[PDB]
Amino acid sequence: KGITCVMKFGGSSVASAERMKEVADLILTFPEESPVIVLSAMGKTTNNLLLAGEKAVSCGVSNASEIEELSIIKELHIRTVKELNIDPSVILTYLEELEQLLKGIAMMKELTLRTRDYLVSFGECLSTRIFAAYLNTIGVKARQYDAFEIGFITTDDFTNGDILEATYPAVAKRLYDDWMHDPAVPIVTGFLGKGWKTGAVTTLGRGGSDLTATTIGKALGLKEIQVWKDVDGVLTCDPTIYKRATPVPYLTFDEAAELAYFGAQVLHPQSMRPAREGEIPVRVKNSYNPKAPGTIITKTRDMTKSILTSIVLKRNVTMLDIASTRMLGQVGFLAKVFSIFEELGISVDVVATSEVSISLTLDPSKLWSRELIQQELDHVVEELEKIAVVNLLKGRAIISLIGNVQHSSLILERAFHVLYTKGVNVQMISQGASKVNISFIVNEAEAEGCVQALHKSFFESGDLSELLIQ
């Protein structure tokens, strides 16, 4: 019969040899299944590599081997080899290479996007190699795969490699030929690709390893794509904010796009496209409860019992207000406003309007590498102040209500009633054409309290059917 499913594992699932032992244990929980494993770098080593890169640019040549992130990375992997009882030879070569590259960066005081992609590639290259070797140690015939060396073909822009159509038949042929010759559990690298023109190593951008998994899924026409987490799938809210988060058994690919990336930390909208096209359900599973259903994401689901699906919190968002009387009935003000943002390399999140104003939220900082500094903020405001009365408000927060659009008025009446009870007034509201997501801009300090109250009202007040029938 052959290959059955793809299993994707994030950084923290393989943060140590001990965690790696859990993953291996999962594979052996389903021997009636023949999976493809997709691994990220060992928890936090991807971030560590990038930090090492930036540090290298300006530390000096004679002390690139001293960069802390380098010895953090070196030691994690040496130690993981020891603990799992692997031949350290292969990993030691890759680590010496890593140090060499950083000596290169330090010498040149230069770090291009092309180099950045190469740097991070060590991460999952080390990951998959350690894990594959370990499986062979414990009797599991396994083969490690560098995505960029099988059929993963992308464009040649680096931080954001776009998967090209020729990937699907190339990957399918490569993984199939190897499996039929002699079957071994494929252990494939995360957010990596080859790139058409340069041949250089590429990262898949946002929704990295998830995209790798979904791509494999479509290429091999598998029955489902599985994404593993430490909680029971997608939850009604973030358990960090409020302990009473409950699992959400069924999602729609559409609902997921509005939810899974900021609600869970998985399945960026771009990653689910190969699964939407191939019509392959995506499942989010708990590695601490692997026999449980989790969350299936499909094209459609039974909405009969559906009122609210989940609550989402964005924290510490910067809001801008852009007011001008000239706006009303003028062509090209919106074009000018967002052009300024594009010129200054800033991505904007939420947008709302009035007759004489446009209001903004900038992407949450956690979506990027750094918070914007006062310089960069004073720069947008000055540029904007040429055409409008501008006003900047730091320390705000977004609450997103993801629910069944057929009961929007029901949702909103209840929601604002709750906020009214607490004396909370939403500063900014934005919902698009019958979209499942509606955003409230609130103060950072009152956000958690609001989320908890909203959760109590929607998910802890029993079955919500006051719903008008006959």
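A residue's number is simply how far along the shown sequence it sits, counting from 1.
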Taking only the CA atoms, which stretch has the higher mean B-factor in the record, 237-245 or 173-181?
173-181
Which of 395-403 and 265-273 has higher mean CA B factor, as the PDB entry lists it
265-273
Of 52, 419, 436, 442, which one's C-alpha B factor is largest in the deposited record?
52
Among all modelled residues of this chain, ranked by Cα B factor, put residue 412 in the bottom, middle or top third, i.e. lowest, middle or highest.
lowest
Ranked C-alpha temperature factor of residue 158 among modelled chain residues, by third
highest
Would you check the entry's CA temperature factor for residue 390 and let me know if it's in the chain's lowest, middle or highest third?
middle
Is residue 342 in the lowest, middle or highest third of its chain when residues are ranked by C-alpha B-factor?
middle
Would you mind checking where the Cα B-factor of residue 196 ranks among the modelled residues of its chain, as the lowest, middle or highest third?
highest
